[PDB]
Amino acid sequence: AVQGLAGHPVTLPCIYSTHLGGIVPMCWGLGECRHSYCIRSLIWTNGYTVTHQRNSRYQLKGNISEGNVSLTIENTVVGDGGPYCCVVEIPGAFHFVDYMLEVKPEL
C-alpha cells in the first residue's frame, strides 16, 4: 500500500510507453480496477491533456503526452485512503494499475 501523510500530496505512478502504445486516453478511478475501472472517475485525458477531473485536488503533474499519467492527490486527508485504479486505453492492450492508498494522520 502506498503510504501518504495527511496535509501533504501523494503521487500514484501510472506510466506507459507512447512509442509503442501511441498517445492515448487514460482515466483514474476510485476503487479496484476489476470492480469499478473508471466508473467513479477522478480523471480523464484525451492523451494530451486532462479533459475531465472530479475536483482540483486530482492532478496529473507529469508529462502526459510523453506517457506519465501519474496521479497526484493534493492536500491529502486520512479519508483519501482506499483503492485507486489507473487505466490507459491503449488499443488492444489496456494498461491497468491497482493501488491501495493509506494516508497516515501524522508523521
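Each residue number is its position in the shown sequence, starting from 1.
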Exercise for the section: Look over 57-65 and 28-36 in the entry and identify the one with the greater average Cα temperature factor. Expected result: 28-36
Handout entry: Stretch exceeding the other in mean C-alpha B-factor - 39-47, 70-78
Key = 39-47
Practice task
Place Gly22 in the lowest, middle or highest third of its chain's C-alpha B-factors, as listed in the PDB entry.
Solution key: middle
Practice task
Ordered by C-alpha B-factor within the chain, which third holds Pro13? Give me lowest, middle or highest, please.
Solution key: lowest
